[PDB]
Every structure is written in structure tokens, then in C-alpha cells.
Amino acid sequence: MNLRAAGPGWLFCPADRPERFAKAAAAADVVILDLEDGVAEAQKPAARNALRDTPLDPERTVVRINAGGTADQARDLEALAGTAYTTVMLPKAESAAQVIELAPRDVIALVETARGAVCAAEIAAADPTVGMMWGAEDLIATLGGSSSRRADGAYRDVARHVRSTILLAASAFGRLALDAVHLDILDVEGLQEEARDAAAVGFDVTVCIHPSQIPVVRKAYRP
């Protein structure tokens, strides 16, 4: 695997919508096929079938599976066996052990809980790890909070603290660093500012949830 060779534009795409796969792969540098919150709890088995019969370039495609310890992740690995994918994205990554149990595939840990932020280095250190990502939304939620950004749009302090935390963790161990998804899709000004900053700080990628986000991300990382 050499996802570092790919551009900075990564895009999420629900695994239950195989019709969009082709467009997504063509629009992004890397496509993250989602089996998690991007697919209804009743559409998962469908998304798993589509993940099989509708193949995508394993060179530029990662599969986001479900959280460690769940039944859905178990079903995800079973469905992943019938594909040529080697890299998985683990949500709510909270320990090296959750990463290790995914060996021998490559794992991008998505830190989005307090325990994960606290064990960020341990997670980035694990052998299977090839990338570190963070998410503000589940972070604030699992914290018992209700807002990741303040009035002025800027992320709250805890989220900023974590962003810097996973950047250092990922870097300290030669892992790829992925910046958080800009949830307000129509807010391209905001995305541009975060992406520019992410480029300037060392992040290698900024994940997008909408194809319209890719060109702004690719431009912010231009130079």
C-alpha cells in the first residue's frame, strides 16, 4: 500500500450506494467506503454485498468498518474477506489492541473519544497502523457535550487539543495524518481555511463527505 502517493483529497461514500462508487473514485484521490454511520443500521448487510460485487481500486480505496467489539465489525471483516481491500479505517479507536486485532490488514485509526485521545501514541505506535485521523463530532458527543464549535465557528478548545494530539502521534511514528471532516458542506470558506492550515501544519489529508469539497482541498495543498 502507498496511500501517501495519492492526493490529499479523500472522500467518504456509503457502501450501500454502489451507483456512486464510480463517480466518487473518479472525483477523489482516495475513496473511503463507509460501513459505519454512513449507512443505516438496516442497510448494512446491503452495503456489505455491494462492497463485494462492486469492486474499486484497492490502491486508492479504504473501507471504514464498525467499532471494535461490535457484531457489525465482525460481519464487516467477513464481508471484507471477499474483496481485494487491505486498508481499513477503525472508528472510535481507543487502544493498540483494537488495532492489533485487525492485523494483518493496514489500519487507519480514527480517534474520536476521550480514551482514544489519551492513548493516541499507543494507538499510532501499533504495528498495523498506517494512519491517524480524528473526528470532533463523536468526540464531543462521547464527552457528554453538545457543540464542537463555538459561536465564531472555530472548534472548541478540547477539539483543537485533540487535533494537535493526533497530528503529533501520527507523525512521531511515521503515520499518515488525516484532518477532520468539514461537516458544513456549503461552507467552502471555512473548509479552505482549515485545509490551508492543515497543509501548513503537516496533515497529509483532509477528508471530505461531499465531492464538491475535493477541489478546494486539493488547491489548499497546492504548493
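Take the two forms, find the largest set of C-alpha atoms that superpose within 1.5 Å, and that set is the rigid core. One rule holds for the numbers: they count along the sequence shown, beginning at 1.
Asks: Taking the root mean square of C-alpha distances over all structures and residues in 6 other deposited structures of this protein, with a rigid core superposition, name the larger of 147-155 and 83-91.
Replies: Evaluated in 6 other deposited structures of this protein, the stretch farther from the shown form is 147-155.
Asks: Which of the two stretches, 107-115 or 77-85, shows the higher mean Cα temperature factor in the record?
Replies: Between 107-115 and 77-85, it is 77-85.
Asks: Please compare 13-21 with 195-203 and name the stretch with the higher mean C-alpha B-factor in the deposited structure.
Replies: Higher of the two, by average CA B-factor, is 13-21.
Asks: Checking the record values for 154, 42, 67, 167, which has the greatest CA B factor?
Replies: By C-alpha B-factor in the record, 42 ranks first.
Asks: If I read the C-alpha B-factors straight from the PDB entry, which of 176, 181, 63, 56 is highest?
Replies: Each of 176, 181, 63, 56 was compared by C-alpha B-factor; the highest is 56.
Asks: Taking the C-alpha B-factors as the PDB entry records them, is residue 33 in the lowest, middle or highest third of its chain?
Replies: Residue 33: CA B-factor falls in the middle third of its chain.
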